[PDB]
Ligand SMILES: COc1cc(Nc2cc(-n3c(C)cc4c3CC(C)(C)CC4=O)ccc2C(N)=O)cc(OC)c1OC
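In PDB author numbering, the protein residues as written are 16 to 224.
The structure is reproduced here in structure tokens:
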């Protein structure tokens, strides 16, 4: 069973701006998604200090970047806190609404899209490079879910029947036809070094084939 939901107006607006605005510095999407992963990893790590059993679903705290040229996808995988159904549908969206408002005000005042992260809505920078984003996530004490959106004002959530993840999140970027450079090892290495060099978790760039 697949449930379909409408984005709140502000998020739909944000996604349209990201998709429609001419802005060449698209590579910033990667640091934003890695920053989401890092924050998620911080969260499970801190929680585990008071409840060590929260790591029964996996001790290792890390990030993998997986390019797939056949599928034309770049996947960002982490073993962070993951997201409940409520996190996916309601709660992160509520925070993103107020973040969007501040971001759009800042843009009018002369800020640029690369500053999106300061407003807590950096996830949506995925749409600079992706025609569709799929999010597979597993939080402790909840089911594995798949969230998906190609924008257009709606997203879906279903319970996932793919490979079980233990705990964490996979963000699968179905890349735009003209954005396949982000499948190249050298290009990913370049971006991580430039923007994500001090992330406090191992980042493994998988190689193709
Ligand atoms: C930044 O803080 C947090 C991030 C996350 N996780 C994440 C959240 C997002 N994220 C954020 C910040 C906003 C949004 C998302 C993903 C979405 C599909 C729910 C759409 C959205 O509006 C993306 C990736 C992860 C990830 N890699 O785990 C979970 C949290 O707690 C369950 C949390 O603490 C509030």
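Don't be surprised by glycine CBs; every beta carbon is placed ideally from N, CA and C.
Could you pull out every residue in the same chain whose Cβ sits closer than 8 angstroms to the Cβ of residue 20, ignoring the five residues on either side in sequence?
-> Same-chain partners within the cutoff: 104, 169, 170, 171, 172.
Nearest-angstrom Cα separation, counted from residue 192 out to residue 199 | 14 angstroms
Nearest CA to the CA of residue 183: which residue from 70, 194, 125?
-> 70
May I ask whether a heavy atom of ligand 1 can be found less than 7 angstroms away from the beta carbon of residue 111?
-> At least one heavy atom of ligand 1 is nearer than 7 angstroms to the Cβ of residue 111, so yes.
What span of residues does the alpha helix (DSSP H) with residue 54 cover, start to end?
-> Note, residue 54: alpha helix (DSSP H), 43-65.
Would you mind sorting residue 39 into buried or exposed? The rule is 16 or more other CB atoms within 10 Å of its CB.
-> exposed
Considering only the beta carbon of each residue, do residue 223 and residue 82 sit closer than 8 angstroms?
-> yes
Across which residues does DSSP place residue 157 in a beta bridge pair?
-> Bridge partners of residue 157: none, in fact.
Pairing CB atoms from the segment 154-163 with CB atoms from the segment 42-55, are three or more of them under 8 angstroms?
-> Under the Cβ criterion (8 angstroms, minimum of three pairs), the segment 154-163 does not count as touching the segment 42-55.
Nonlocal neighbours in the same chain, by C-beta distance under 7 angstroms from residue 79, ignoring five residues either side = 92, 219, 221
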